[PDB]
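# Coordinates in review
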Amino acid sequence: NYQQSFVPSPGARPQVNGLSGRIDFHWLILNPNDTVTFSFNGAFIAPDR
Amino acid sequence: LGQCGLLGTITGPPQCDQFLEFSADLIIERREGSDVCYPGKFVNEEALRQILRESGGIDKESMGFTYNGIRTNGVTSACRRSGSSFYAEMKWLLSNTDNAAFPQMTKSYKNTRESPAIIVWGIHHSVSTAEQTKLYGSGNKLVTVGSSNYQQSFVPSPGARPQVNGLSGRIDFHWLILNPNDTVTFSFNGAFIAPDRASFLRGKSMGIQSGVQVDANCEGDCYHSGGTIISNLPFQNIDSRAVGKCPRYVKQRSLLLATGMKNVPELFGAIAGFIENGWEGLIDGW
Amino acid sequence: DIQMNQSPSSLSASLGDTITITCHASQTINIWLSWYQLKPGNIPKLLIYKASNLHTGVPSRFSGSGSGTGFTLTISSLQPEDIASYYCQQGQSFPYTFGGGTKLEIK
Amino acid sequence: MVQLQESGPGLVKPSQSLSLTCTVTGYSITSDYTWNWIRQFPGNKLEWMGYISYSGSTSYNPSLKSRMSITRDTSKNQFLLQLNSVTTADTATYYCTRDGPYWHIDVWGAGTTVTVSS
């Protein structure tokens with residue numbers, strides 16, 4: 001039920017307590033037997049559980 | 001506002017130069033209020049119209065940008081005051097040598113007050129790639145707009161559209177909010193319509209919409225589009241989008257409430273009881 | 001109509017001093033001013049429009065800002081070519097009115 | 001380079017008319033901006049007369065309502081000021097200016113001095 005193809009935003013930001021670059025986390029839901037596929041050539045922060 | 005469309009005060013079109021910094025306790029929008037002069041539109045724009053129906057006014061302050069290698073006064077032929085102007089509040093970051101290049105920019109602004117701003121920038125959708133070289137240069141275009149709670153990196157759409165009153169290309173304006181001490185950064189290599197003044201608020205008002213005249217001698221508080229309701233009665237069959245402090249809309253139109261006994265001309269069984277008729281020759285007592 | 005009371009009528013300044021001139025629109029015009037120098041002996045010049053943005057070609061030494069019913073420029077580090085008279089114009093409501101005019105003086 | 005230059009006579013007799021013009025080079029007077037005239041009272045005090053648009057509409061100063069006209073000439077790039085029923089007060093310096101937007105006024109002409117006495 002889902003297809004996004006997200007893309008980074010290399011830009012300068014203000015600093016929150018030392019760091020400028022952000023990291024955004026999005027979230028989906030699976031149903032039983034259903035399958036997700038992640039593909040990437042950079043800048044991805046995978047889950048593990 | 002009259003011929004001023006309420007979301008134009010933040011942008012300054014020719015129909016709203018007399019309202020750029022107003023102050024109100026009762027704003028009124030008219031049927032003929034237009035928000036733009038170039039063809040374009042806002043985003044989330046019913047919400048922004050609901051910040052301002054109670055804001056009691058606006059108070060701009062400058063932001064202080066400075067450009068070089070780059071012109072700032074490209075002009076359009078529809079935002080006309082005597083001639084080719086643009087908006088009052090925004091500018092037009094355009095290329096200097098008309099097809100040679102465009103340098104990449106980066107600018108910023110830190111809110112410094114006790115109040116949140118309302119800051120609005122602009123992205124310019126060229127009509128082609130033939131008139132995105134003439135206006136700006138070469139390469140891809142991206143406008144990166146980031147703060148604490150915000151990161152977008154918008155991009156133009158060079159395409160042909162129908163003409164609204166002479167022009168095909170649109171211009172879209174998006175808007176964010178800053179908090180105190182917070183900072184926005186705009187960066188771009190083309191097709192950006194920068195702000196020049198941010199915008200602050202005043203207070204507490206209410207908004208209505210109507211089509212009848214502004215009056216000043218009359219005392220009342222329940223304001224809908226066909227006038228003003230004034231009554232000591234708890235119920236009204238007049239309108240049901242009536243704002244203010246109204247009575248409440250019922251569907252009945254008459255509901256009579258007694259204030260005398262049972263009328264008997266000529267639970268306890270004396271009125272219409274074992275005393276048969278009333279008196280009409282009795283005029284002082286009951 | 002609208003009255004534009006540019007005050008004071010004259011004041012005296014030496015070389016290198018920061019001075020202000022202050023127009024006073026008698027009714028809310030809220031952003032609309034521009035500052036003109038026209039001295040007796042030359043053509044006039046443009047300095048500032050929108051009450052904040054300086055004209056293209058002006059030396060960046062000169063500035064001004066303001067809104068509401070009070071507007072003010074800023075001139076410091078004067079020159080021999082700085083001595084003139086200075087007028088302000090309200091562009092809100094027709095007819096156009098200008099101000100009284102200040103005369104720049106050496107103390 | 002938009003340059004504006006006034007011209008006209010030296011001495012004007014009272015209760016007569018006055019015809020001045022302004023020549024404009026570098027910019028067509030039909031390209032979209034208006035075109036003003038501005039006097040100069042003795043005592044260094046400025047005042048507004050009226051404009052003619054690039055199409056040819058005019059507005060006037062509402063205390064010069066019935067005694068003033070301004071027209072133009074598209075051929076030799078000029079516009080012509082006309083004022084009548086004059087008194088002693090009208091000895092001034094007249095400045096043909098190119099207006100800008102409602103923002104401001106841009107381009108000023110050098111001016112010329114008129115004299116109205118018999």
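Please refer to the structure placed before this passage.
About the thresholds
Residues numbered from 1 in each chain as written, not as in the entry; some residues may be left out. Chains lettered and ligands numbered in written order. Part of a larger assembly, values for the part shown. Heavy atoms only, no water. Helix = DSSP H or I, 4+ residues; strand = E, 2+ residues; numbered from the N terminus. Rg over C-alpha atoms; globule rule 2.2 N^0.38 Å. Buried < 20%, exposed > 50% of the residue type's maximum accessible area, 1.4 Å probe, protein only. Contact = heavy atoms within 4.5 Å. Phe/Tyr/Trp six-rings, centres within 6.5 Å; stacked < 30°, edge-to-face > 60°. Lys NZ or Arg CZ within 6 Å of the ring centre and 35° of its normal. Pairing = 2+ DSSP bridges. Disulfide = S-S within 2.5 Å. Axes fitted to C-alpha atoms, helices over the stretch in contact; angles between N-to-C directions. Salt bridge = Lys/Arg side-chain N within 4 Å of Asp/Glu carboxyl O. Nonpolar A, V, L, I, M, F, W, Y, C, P; charged D, E, K, R; others polar. 1 Å grid on protein atoms, 1.4 Å probe; cavity = no way out; pocket = protein on both sides within 12 Å on 5 of 7 lines; lining within 4 Å. Points joined across faces, edges and corners; volume = space filled by probe spheres on them.

### Comments concerning the overall build of chain D
Helix and strand counts for chain D come out as 0 helices and 10 strands. Beginning at the N terminus, the succession of helices and strands in chain D can be written as β-β-β-β-β-β-β-β-β-β. Taken against the 2.2 N^0.38 rule, which gives 13 Å for 118 residues, the C-alpha radius of gyration of chain D at 14 Å falls within 12% of a compact globule. Over its C-alpha atoms, taken along the principal directions, chain D stretches across nearly 40 × 25 × 25 Å. Counting the 118 residues in chain D, one finds 45% classified as buried. Relative to all contacts within chain D whose residues are 6 or more apart in sequence, the contacts with residues 24 or more apart total 49%.

### Considering unusual backbone geometry
Note: most peptide bonds trans; most residues except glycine with negative phi. Residue and element names in this part refer to chain C. Between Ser7 and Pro8 the backbone carries a cis peptide bond, its omega angle lying at -5°. Mapped onto the elements, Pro8 comes out in the segment before β1 (10–12). Between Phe94 and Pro95 the backbone carries a cis peptide bond, its omega angle lying at 5°. Mapped onto the secondary structure, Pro95 falls in the loop between β8 (85–90) and β9 (97–98).

### Things to note about the packing of aromatic side chains
Going through the model one piece at a time under the given rule, you end up with 28 aromatic pairs over all chains. Seen in terms of ring centroids, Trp37 of chain D and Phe79 of chain D are 5.8 Å apart; in terms of plane orientation they differ by 80°. Their pairing is edge-to-face. Of this pair, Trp37 of chain D sits in strand β3 (residues 35–41) while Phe79 of chain D sits in strand β7 (residues 78–83), and the two are 42 residues apart along the sequence. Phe79 of chain D shares its class with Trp37 of chain D; the two are buried. In this structure an aromatic cluster arises from ring pairing among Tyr38, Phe42, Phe86, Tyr87, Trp92 and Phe173 of chain B. Its end group placed over the ring of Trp103 of chain D, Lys50 of chain C keeps NZ or CZ at 4.7 Å from the ring centre. Its guanidinium or amino end placed over the ring of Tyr27 of chain D, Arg98 of chain D lies 6.0 Å from that ring's centre, counting from NZ or CZ.

### Some thoughts on the sheet that holds strand β6 (residues 143–147) of chain B
With antiparallel pairing, the 4 strands of this open sheet are ordered in space as β4-β9-β6-β7 (chain B). The outermost strands of the open sheet, each flanked by one partner alone, are β4 (105–110) and β7 (150–151) of chain B.

### Brief notes about the environment of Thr25 of chain D
All names here are of chain D. Following the sequence through the fold, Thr25 ends up in strand β2 (residues 18–25). In the structure, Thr25 is positioned 23 residues away from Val2 in sequence and 6.1 Å away in space, judged by C-alpha atoms. In this view, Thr25 contacts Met1, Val2 and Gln3; residues no more than four positions away in its chain are not counted.

### Section: the state of the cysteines
Working definition of a disulfide: a covalent bond connecting the sulfur atoms of two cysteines. Residue and element names in this part refer to chain B. Tallied over the full model, the rule gives 5 disulfides over all chains. Paired through a disulfide, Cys4 and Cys16 show a sulfur-sulfur distance of 2.0 Å. Its S-S torsion of about 120° marks the bond between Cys4 and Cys16 as right-handed, since a negative value means left-handed. Of the two residues, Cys4 is situated in the segment before β1 (26–29) and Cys16 in the segment before β1; the sequence distance between them amounts to 12 residues. With relative accessibility at 1%, the residue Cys4 sits in the buried group. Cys16 sits in the buried class, given a relative accessible area of 0%. Covalent S-S linkage joins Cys222 and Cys246, the inter-sulfur distance amounting to 2.0 Å. Taking the torsion about the sulfur-sulfur bond, which here is approximately 100°, the covalent link between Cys222 and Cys246 counts as right-handed. Of the two residues, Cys222 is situated in strand β13 (residues 222–224) and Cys246 in the loop between β16 (243–244) and β17 (248–249); the sequence distance between them amounts to 24 residues. For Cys222, a relative accessible area of 1% corresponds to the buried category. Of all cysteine sulfurs in the structure, the one in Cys222 sits closest to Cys218, which takes part in no disulfide; the separation is 12 Å. A relative accessible area of 58% places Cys218 in the exposed class.

### So, the sheet that holds strand β1 (residues 3–7) of chain D
All names here are of chain D. One open sheet holds the 4 strands; their spatial order is β1-β2-β7-β6, and the pairing between them is antiparallel. Since the sheet does not close on itself, it has two edges, and those belong to β1 and β6 (68–73), each with one partner. Adjacent strand axes in the sheet meet at a mean angle of 20° when their direction is disregarded. The pairing of β2 with β7 spans 6 bridges and is classified as antiparallel. By the bridge assignment for β7, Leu18 is matched with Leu83.

### Structural notes on the interface of chain C and chain B
Every contact between the two is made by 9 residues of chain C and, on the other side, 11 residues of chain B. Run the count over chain C and chain B and you get 0 salt bridges. Tallied by class, residues from the side of chain C that touches chain B come to 3 nonpolar, 5 polar and 1 charged.

### Some details on empty space enclosed by the protein
The method is simple in principle: a probe with the dimensions of a water molecule rolls over the atoms, and the space it marks as empty is what remains. Its volume calculated, the largest cavity comes out at about 80 Å³. In terms of lining, the largest cavity is formed by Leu11, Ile19, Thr20, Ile21, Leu73, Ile75, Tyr86, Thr102, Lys103 and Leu104 of chain C. Top element by residues in the lining of the largest cavity is strand β10 (residues 102–105) of chain C. It accounts for 3 residues. Looking at the lining of the largest cavity residue by residue, the classes come out as 7 nonpolar, 2 polar and 1 charged. Within this model, the second largest cavity holds a volume of roughly 50 Å³. Considering the residues around the second largest cavity, the lining is formed by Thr72, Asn73, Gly74, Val75, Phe86, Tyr87, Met90, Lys91 and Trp92 of chain B, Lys50 of chain C together with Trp103 of chain D. Looking at the lining of the second largest cavity residue by residue, the class counts come to 6 nonpolar, 3 polar and 2 charged.

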